[PDB]
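Only this structure's heavy atoms are used, side chains among them; waters, hydrogens and symmetry mates stay out. Each chain gets a letter, A, B and so on, in the order its sequence line appears, and its residues count up from 1.
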Protein chains: 2
Amino acid sequence: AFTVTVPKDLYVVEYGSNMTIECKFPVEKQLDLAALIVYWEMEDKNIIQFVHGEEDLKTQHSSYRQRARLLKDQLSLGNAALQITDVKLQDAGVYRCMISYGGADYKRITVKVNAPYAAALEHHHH
Amino acid sequence: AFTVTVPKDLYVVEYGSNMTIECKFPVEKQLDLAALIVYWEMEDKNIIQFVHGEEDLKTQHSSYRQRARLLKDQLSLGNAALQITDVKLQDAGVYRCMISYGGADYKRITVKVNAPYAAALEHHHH
Ligand SMILES: O=c1[nH]cnc2scc(-c3ccccc3)c12
């Protein structure tokens, strides 16, 4: 049946760098954007929600506006790639990619953030 | 928009009893079992996958084999009813019903399990 896959179920990224998290789903010939739903989430916070060709910004969590982007070029290749810029320790956790495209599936991804002591200390105080 | 709703987001159950957890979804005009996808989950363990007309269970977790079923005749009324028989302390946690029906939404449901000392002891010690 319709199956979402990830080339990587674990990412280890460096504090302050950018990460792109990949999420593949089958596309026959070309994408029908009006049939597509892409839901990126991270432990119960909505990061991105792409419904039938355009994103719903009313539900996006404030922490991810201005840092999260759905690479819509990769959408047509069947790759719902999430890009987070300026990765912080609070971005460590479990991510879920959910696609509805004539069928529905989801996959989990775990992000670990390596950080130097100064950055961990500031996060530690908050 | 396609909204999934729950009449209750919290269930309290007695150890060893049966629980039936409910998710409602909008059925516009006649139910098209072909376009319906239902996932029941609990702390990222898969309980049920209902993919276009039938139950997929080769992805169903151990902890719910022989105990979980989707109440299929409720589907016509827009009701994704998950029934767990022989409820155990480890059934406590946060559940998720995820529904794809020409729109996609999920809701969370917390379950608490009351239990007598002995049941709690065996589960605590394991
Ligand atoms: O459940 C959701 N909620 C919000 N968006 C989306 S896109 C795809 C899904 C989905 C639904 C059921 C099973 C597998 C995936 C989904």
Side-chain angles (χ1 to χ4, degrees), chain A residues 1-6 9-10 21 23 25-27 31-61 70 75 80 82 92-112, chain B residues 1-6 9-10 23 25-27 31-61 63 70 72 75 78 80 82 93-111:
Chain A
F2 182 86
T3 290
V4 163
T5 47
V6 302
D9 67 323
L10 166 79
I21 293 181
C23 196
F25 56 98
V27 182
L31 186 59
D32 308 352
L33 280 159
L36 197 180
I37 303 192
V38 166
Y39 185 74
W40 271 110
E41 84 167 9
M42 185 272 205
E43 266 144 23
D44 285 314
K45 320 156 198 265
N46 170 202
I47 304 176
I48 291 274
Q49 176 143 45
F50 187 89
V51 189
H52 296 327
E54 93 267 53
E55 325 175 87
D56 154 41
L57 288 323
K58 271 165 127 181
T59 322
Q60 178 174 68
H61 197 297
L70 175 69
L75 268 194
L82 173 72
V94 170
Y95 289 72
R96 266 174 222 82
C97 178
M98 309 170 172
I99 291 94
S100 179
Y101 192 71
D105 197 29
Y106 90 87
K107 282 299 154 288
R108 285 189 304 280
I109 297 147
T110 295
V111 172
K112 256 94 161 195
Chain B
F2 190 87
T3 305
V4 168
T5 56
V6 300
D9 57 306
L10 167 79
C23 275
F25 61 100
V27 169
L31 158 79
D32 183 14
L33 286 321
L36 175 55
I37 308 114
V38 179
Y39 285 13
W40 275 101
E41 304 253 318
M42 175 275 212
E43 320 290 22
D44 282 306
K45 306 143 88 214
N46 179 81
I47 309 184
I48 282 300
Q49 282 195 6
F50 187 86
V51 182
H52 315 150
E54 80 214 332
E55 253 172 5
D56 184 319
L57 266 68
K58 36 101 176 159
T59 167
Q60 175 176 57
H61 198 275
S63 298
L70 190 69
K72 274 152 280 138
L75 290 174
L82 166 68
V94 168
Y95 290 66
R96 268 150 81 143
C97 75
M98 313 185 278
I99 295 158
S100 194
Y101 195 66
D105 194 35
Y106 82 79
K107 293 279 140 138
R108 306 181 293 259
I109 294 150
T110 300
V111 178

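- Counting heavy atoms of neighbouring residues, nucleotides and ligands inside a 6.0 Å radius, atom NZ of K45(A) does not exceed 12 of them.
- Residue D56(A) does not touch chain B at all, counting heavy-atom pairs closer than 4.5 Å.
- Counting heavy atoms from C-beta outward, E41(A) and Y106(B) have side chains that approach closer than 4.5 Å.
- Here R96(B) is the residue among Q49(B), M98(B), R96(B) with the most heavy-atom pairs under 4.5 Å with chain A.
- For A104(B), the parts lying under 4.5 angstrom from a heavy atom of chain A are both the backbone and the side chain.
- Atom-to-atom distance recorded for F2(B):CZ and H52(A):NE2 is 10.0 Å, nearest 0.5 angstrom.
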